[PDB]
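Residue numbers (the deposited numbering), protein chains in the order written: chain A, 1 to 362, 373 to 593; chain B, 1 to 362, 373 to 592. Think of the CB as a built atom: it goes at the ideal place given N, C-alpha and C, for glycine as much as any other residue. Heads up: the structure comes next, in structure tokens.
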Ligand SMILES: CC1(C)[C@@H](O[C@H]2O[C@H](C(=O)O)[C@@H](O)[C@H](O)[C@H]2O)CC[C@]2(C)[C@H]3C(=O)C=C4[C@@H]5C[C@@](C)(C(=O)O)CC[C@]5(C)CC[C@@]4(C)[C@]3(C)CC[C@@H]12
């Protein structure tokens with residue numbers, strides 16, 4: 001259902017705070033959800049659990065963990081319907097109401113919930129256990145594989161993506177209420193015809209006893225259009241368009257109305273009116289060419305891992321404005337909903353991406379014993395959930411289906427083909443892409459024609475023609491010539507950068523130095539400006555972030571333009587110089 | 001009123017989130033709370049606003065700021081009373097409901113609230129504006145003075161303390177409900193007769209029609225004792241005590257009961273049965289001698305300033321447990337209430353401290379034109395609000411009235427005298443202290459005898475000009491001798507350490523190196539261990555933190571044993587060695 005909010009007809013209780021916490025063990029205490037959890041450990045809830053406790057065993061845990069607390073259902077919610085929702089459980093979440101299992105959810109970055117109305121009475125207290133598993137298989141969405149170390153028998157988790165596999169309840173948890181007759185979902189699609197905006201709306205409600213009313217109210221509070229019935233099309237004369245650096249949001253009020261025109265339910269949905277179209281080599285927002293600038297990001301901060309953080313979000317956006325970035329990509333999984341809402345308000349453009357990284361074992375990637383049909387089912391599901399949650403965001407401008415898949419290999423085409431079709435059928439208003447890895451050159455890639463925009467990740471400077479920028483430059487523009495020659499589509503570089511340690515400086519060409527980072531980005535830009543077909547540049551990455559451990563990762567990925575704590579490297583100042591002065 | 005909770009009779013709504021934010025300005029919008037703020041800025045609400053926006057004007061701003069958002073009172077609060085509460089607005093907060101002022105509060109680190117029951121009806125939406133001011137004066141409890149830079153006209157805030165003057169709503173904001181008859185306060189006081197535990201309670205409730213019941217439930221869910229009446233003494237045979245090693249917490253449920261046997265209001269107060277006592281030079285918890293190990297801390301993290309953060313809190317306590325630290329002090333303001341609850345559960349011991357730092361201009375500090383009796387009122391007020399909120403925490407084992415006052419100057423004894431009497435009077439169950447500065451030597455100080463425990467801050471700087479260890483050692487020992495000859499009280503060292511940059515190393519004796527910090531702590535310990543009267547050692551500081559700009563401050567205070575982002579310097583390992591053993 002829709003993201004809960006408080007209305008005149010709905011109440012909303014945060015369940016954030018400290019919960020009791022335990023790992024699964026191998027004792028008789030199988031089934032921790034059947035009684036009061038016995039632990040001194042408390043884990044804060046919007047957070048990944050891994051780095052919270054300064055304990056290796058928790059950090060390295062493979063398998064299930066348990067969060068628990070008591071909840072009291074407000075006494076005045078008899079006569080109403082009520083749910084427990086996890087905005088996200090990374091990767092597999094189970095909800096229990098006193099020992100009854102009431103939801104079982106497999107994706108790691110989208111919402112799930114359970115209607116507990118008939119299990120617990122208003123004003124009753126219950127024990128809420130939420131079990132979350134972190135295990136990845138070749139069928140989970142980021143896929144991976146658990147192994148056992150021979151000598152010690154320690155379980156270990158392998159996977160093919162960079163960022164660390166933080167787990168837990170990294171986003172907030174809620175108790176909320178709706179009326180018996182309630183709104184469940186709303187879809188809004190926005191076109192523009194001259195100066196007139198139009199909203200195609202569709203409301204889905206638990207009942208059609210009593211009817212649906214809509215009002216559309218502008219930023220000044222004046223009702224600018226009205227409509228009746230669950231589905232319809234509204235015109236808005238002289239619209240204020242939502243624009244890439246000037247957000248404008250109307251506010252769509254969907255209500256359920258009884259025989260007496262008495263409101264029995266209501267929901268307020270923020271709406272930006274704007275259009276995305278791809279025309280040849282151009283990416284058009286409101287019929288005008290747009291050029292992405294900004295980053296691929298990560299949900300990653302010092303202690304709470306991937307947990308949502310209001311402050312770092314608002315700061316992160318301020319830093320985007322400060323350097324004149326107009327966009328980012330939700331690199332390698334959907335971010336928290338609040339980020340998308342905030343982007344809507346900040347006038348920031350978003351490439352919104354599924355959790356589908358790691359579909360590459362370079373052993374044939376797309377085969378029965380690796381990334382097969384059952385993985386595609388999970389991928390299809392990821393696509394549906396992402397789209398079902400983020401479809402109404404004006405800031406969301408395109409769907410990214412995957413990141414660095416092995417789109418050069420046999421089987422890749424048979425695997426991906428249905429997916430861009432599924433997306434476009436779920437949401438026909440946005441174009442679809444994926445992020446292409448170096449191995450799938452314009453010659454070798456077998457999947458690119460099935461997409462509306464091409465996104466490329468490239469590290470010519472760093473990984474291959476190492477510190478040889480003149481060699482990287484030639485190879486970069488060879489590759490881009492190939493792509494422009496072969497496809498009539500917009501090109502966005504979604505990765506390009508260099509690991510860089512704050513304070514490490516050199517007047518020579520030296521990788522891992524701030525000078526090198528600047529020089530490489532600056533070369534890439536020179537090359538970008540040589541190609542009419544370029545529609546965007548998003549540096550990798552906004553900020554240093556944590557990775558699986560490895561002799562080649564210096565306490566994480568240090569390709570950030572800011573440090574993990576958001577201090578700017580020289581690179582940051584270079585981008586600021588370029589993005590505040592370019593078109 | 002008591003820290004609000006959700007019960008069967010009470011509802012609690014978090015108002016944290018992003019709020020509209022504006023700086024005050026000198027335009028005809030002289031009153032932003034009378035209408036929707038159309039600013040595009042949004043500030044997150046458990047946070048200080050200063051480093052959040054990446055904006056100078058906002059960071060350096062002196063004066064009021066406005067937070068704003070709409071709220072809806074739930075439909076079902078009809079028969080109910082409801083309030084808006086700020087846990088804290090630093091330093092001066094105002095709450096507005098649609099153009100109307102309904103609360104005005106002055107301290108920066110304790111809660112305030114307003115009964116809005118009669119202004120807004122159940123199911124109504126209203127505009128909530130909260131004004132927060134950051135100006136310090138000579139009468140604000142951390143005192144200060146606003147000044148004008150002559151060449152630029154720029155407004156600037158002076159003060160005498162280290163930590164940066166972060167402001168805003170650094171703590172959570174709430175809408176909550178309470179029945180017409182409700183409990184408003186509870187005092188518990190715990191003591192021991194043999195193996196039987198004693199709980200004196202007093203419950204203050206809005207009306208006396210229909211009685212009060214108390215149940216005391218143990219960690220297994222067993223009701224272990226009951227009582228009737230608004231106040232009384234409950235006996236807990238074979239009590240499990242709250243100990244520094246090992247928290248045990250009973251759960252006391254105070255209720256109001258109607259004519260029938262029907263619960264009208266209820267409230268769940270965690271209580272740990274424990275005594276604190278000073279005897280000669282010994283600090284006793286449950287009759288056995290106690291030695292404080294741990295830190296002076298601060299509420300300081302990278303972006304959110306002093307904003308409370310559950311993650312950093314849990315981690316910071318794991319690091320304490322990791323290095324075997326058993327205590328910390330709330331230098332230099334009461335910390336979030338949730339930290340004190342968490343301290344109760346973690347078995348960690350707390351010296352709880354007021355905002356009264358910076359009462360020192362080293373011109374005469376204690377005089378009619380400086381820190382005066384009007385200031386003393388704010389100070390008394392600060393003691394009152396702190397003790398009222400933290401009185402029931404078993405973790406809180408001592409009140410610290412001030413940090414680094416000029417306790418050596420004329421006027422200082424006459425200013426301070428009322429204050430420890432006031433504290434002991436509002437809480438007779440704990441001892442009172444203050445953290446003494448290096449100027450106020452055993453000779454010079456004229457306040458110390460008025461307190462129950464002596465806490466010394468003795469950075470080596472007080473003792474040596476050129477970072478010479480043997481020089482520092484001789485002077486620290488001389489001074490500690492003075493204190494132990496002249497007072498029969500426990501001594502706790504509450505500040506010692508060295509500015510230290512992570513990664514700066516030297517095989518020599520070099521200040522600002524990880525080695526120097528190690529050697530200095532270690533030398534201090536050797537000196538402390540020579541003195542029986544020592545009851546404690548808390549290093550300054552737990553972690554690196556932000557300060558006002560000073561060419562002597564390297565983007566803040568680097569005396570942390572951890573970095574701002576909680577990485578250990580060598581000193582952390584050295585402390586871990588000492589505290590995990592003896
Ligand atoms: C690592 C990935 C998957 C790709 O994404 C990465 O982004 C960031 C990073 O690189 O640091 C991090 O977020 C994280 O590490 C990853 O998600 C970046 C590109 C990537 C490293 C590829 C290459 O850079 C180049 C490769 C070449 C291709 C080719 C044709 C050649 O240049 O000659 C063959 C040799 C080689 C090394 C084969 C591997 C890839 C395709 C490589 C290393 C794969 C992984 C990519």
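- When C-beta distances to chain A are compared with 7 Å, the residues of the region 301-319 of chain B below that value are 302, 303, 304, 307, 310, 311, 312, 314, 315, 318, 319, in chain order.
- Taking 3 residues as the shortest admissible run, the region 265-312 of chain A contains the following complete beta strand (DSSP E) segments, listed from N- to C-terminal end: 276-279, 282-285, 292-296.
- In this structure, residue 474(A) has its CB closer than 7 Å to one or more heavy atoms of ligand 1.
- At the C-beta level, residue 509(B) and residue 568(B) come within 8 Å of one another.
- In this structure, residue 528(A) sits near residue 584(A), with a CB-CB distance shorter than 8 Å.
- Residue contact check for residue 74(A) against chain B: a CB pair falls below 8 Å.
- For residue 54(B), the nearest CB of chain A lies under 8 Å from its own CB, placing it at the interface with that chain.
- For residue 47(B), the nearest CB of chain A lies under 8 Å from its own CB, placing it at the interface with that chain.
- Contact check for residue 242(B) and residue 438(B): beta-carbon distance about 19 Å, past the 8 Å limit, so the pair fails to qualify.
- For residue 359(A), the shortest separation between its Cβ and any heavy atom of ligand 1 does not lie below 7 Å.
- For residue 13(B), the chain A residues whose C-beta falls within less than 9 Å of its own C-beta are 6, 11, 12, 13, 14, listed in chain order.
- Remark: the C-beta of residue 469(A) is in contact range of ligand 1, defined as less than 7 Å to any heavy atom.
- Residue 258(B) is outside the set of residues whose beta carbon lies under 8 Å from a beta carbon in chain A.
- Taking a C-beta cut-off of 9 Å against chain B, the contacting residues of the region 110-129 of chain A are 123, 124, 125, listed in chain order.
- For the beta strand (DSSP E) assignment, the uninterrupted runs of no fewer than 3 residues enclosed by the region 230-261 of chain A are, from N- to C-terminal side, 231-236, 250-257.
- Secondary structure of residue 42(B) (DSSP, three-state): strand.
- Taken in chain order, the members of the region 15-34 of chain B whose beta-carbon sits within less than 7 Å of a beta-carbon on chain A are 18.
- Per DSSP, the beta bridge partners of residue 550(A) are 296(A).
- Annotated three-state conformation of residue 408(A) is strand, per DSSP.
- Not one heavy atom of ligand 1 is found less than 7 Å from the C-beta of residue 455(A).
- Judged by DSSP secondary structure, residue 340(B) falls within the alpha helix (DSSP H) whose first and last residues are 337-346.
- Residues of chain A whose Cβ lies closer than 7 Å to the Cβ of residue 44(B) are, in chain order, 310, 311, 314.
- Residues of chain A whose Cβ lies closer than 7 Å to the Cβ of residue 575(B) are, in chain order, 302, 575.
- Bounds of the alpha helix (DSSP H) holding residue 526(B) are 524-538.
- Residue 156(A) carries a strand assignment under DSSP once its states are collapsed to helix, strand and coil.
- For residue 80(A), there is no enclosing beta strand (DSSP E), as DSSP gives it neither H nor E.
- A residue is called buried once 16 or more other Cβ atoms fall within 10 Å of its Cβ, and residue 335(A) is buried on that count.
- Pairing residue 200(B) with residue 233(B) gives a Cβ-Cβ distance under 8 Å.
- In terms of Cβ geometry, residue 549(B) and residue 295(B) form a close pair [threshold 8 Å].
- Per DSSP, residue 588(B) is one residue of the alpha helix (DSSP H) stretching across 580-591.
- Taking the Cα positions, residue 109(A) is about 11 Å away from residue 142(A).
- Between residue 203(A) and residue 216(A), the CB-CB gap reaches or exceeds 8 Å.
- At a cut-off of 8 Å between C-beta atoms, residue 322(A) counts as an interface residue with respect to chain B.
- With a cut-off of 7 Å, the C-beta of residue 515(B) is classified as distant from ligand 1, since no heavy atom of the ligand falls inside that distance.
- At the C-beta level, residue 85(A) and residue 124(A) stay beyond 8 Å of one another.
- Under the three-state reduction of DSSP, residue 60(B) is assigned to helix.
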